């Protein structure tokens, strides 16, 4: 019912270490996120970079999510028949990189970070399905 339950739904199958529902329109802030993760720290400026008119800048300079440096693998956020972005965190102190997927609905963004080893396709479709569901709703 609440947005936290939507995060619960995303975290249910166990392949995500974190999940979040983030507004990108007139309620541009984190609606709900996994407690204690980095998504709780996603800023309005970071959201702008994700949904911005410029779809080439993030490929050159990357982007941050909750101040976590990431790289863009594929941008399909505004392409025909899709509404996703495949991202991957940058490895720091020997840590493994993590896949991230964004699903864009009409008012919010579905963001998921996979646990170590989880494939981008799994996250892509997870993000896609909830985005589509929110769109009909």
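Residue numbers count along the first chain shown, from 1.
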Stretch with the higher entry mean CA B-factor, where the candidates are 84-92 and 42-50: 84-92
Between the two ranges 3-11 and 128-136, the one averaging a larger CA B factor in the entry: 128-136
Residue selected from 103, 66, 106, 57 by maximal Cα B factor: 57
Entry-reported Cα temperature factor of residue 73, expressed as the chain third it lands in: highest
Residue 27 - Cα temperature factor, lowest/middle/highest third of chain: highest
Record-listed C-alpha B factor of residue 62: chain third: highest
